[PDB]
Structure formats: structure tokens, C-alpha cells
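Undergrad: Here's my sequence, what's the structure:
(3 chains)
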Amino acid sequence: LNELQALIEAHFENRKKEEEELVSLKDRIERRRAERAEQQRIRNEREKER
Amino acid sequence: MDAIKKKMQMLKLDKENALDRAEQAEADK
Amino acid sequence: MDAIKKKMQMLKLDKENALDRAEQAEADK
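TA: Numbering: from 1, shown residues only, chains lettered A, B, ... in the order given. Coordinates below:
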């Protein structure tokens, strides 16, 4: 059953690599969007200060 | 868990064949 | 998984045990 071996590894290797990468890639996108939220907070504070 | 639906069948065949033999071996007298 | 690991071994055991039964029974029969 070469297929069980192909599947046992394909399931794990293709997914752990692609999936964990999406977790951290998006974590950075999300952190940047969170920075945008901070920058909007900053923008709101600056408009009020002016 | 299709990997083991398939492993199950393989082991099922291995035991069924060993079992077929256990039964025959006893049946043969 | 414990259930899979163990019950796969149980199916392997049906083979191992059935095979031992087949071999001993056939040796005598």
C-alpha cells in the first residue's frame, strides 16, 4: 500500500508546512492591520490635539 | 482516518487468512 | 491514538494468534 504511505506523509507534510506558514504569514498581516488600528487611534488623537 | 480504514482492511485480510488457516488447521484433524 | 494503536494490534493479534493456532494445529493435524 504505497498509497497509505503517500497519504500518511502527504497529509502531514503538505498541510503542516502550508498551513503553519499561513498561520504565521497572516499573523504578520494581522499585526500590521492591528498597527493600522493603532495608527487610527493616533490619527484620532492628533486630530483632537490640533 | 482512511489510512486505517485501509490498514484495517489489510490487517483484516492478514488475520482472516491466518484465521482461515487456524480454522482449516483444526478442521483438517 | 490509543484505540487505533491497540485495536490495530488486536487485529494483528488475531493474525498472530490465529497463525500460531494454525501452525500448531496443522503441525498436529
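Undergrad: show me where chain B has helices.
TA: B:2-27 (DSSP state H).
Undergrad: do the lengthiest helix in chain A and chain B meet?
TA: Assignment by DSSP H gives helix A:15-49 as the longest helix of chain A. No. Using C-beta under 8 Å from any C-beta of the partner chain, helix A:15-49 stays clear of chain B, with a minimum separation of 13.8 Å. Bear in mind the C-beta positions are built from the backbone N, C-alpha and C, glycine included.
Undergrad: and that helix, what other elements does it pack with?
TA: For helix A:15-49, not one helix or strand is in contact under the criterion 3 or more C-beta pairs under 8 Å, 6 or more residues apart in numbering or on different chains; DSSP states H and E.
Undergrad: ok, residue A:11 - how many residues close by?
TA: Residues near residue A:11, counting by other C-beta atoms under 10 Å in any protein chain shown, number 12.
Undergrad: so what's it closest to, chain neighbours aside?
TA: residue B:3 (7.8 Å; C-beta to C-beta, 6 or more residues apart in numbering or on different chains).
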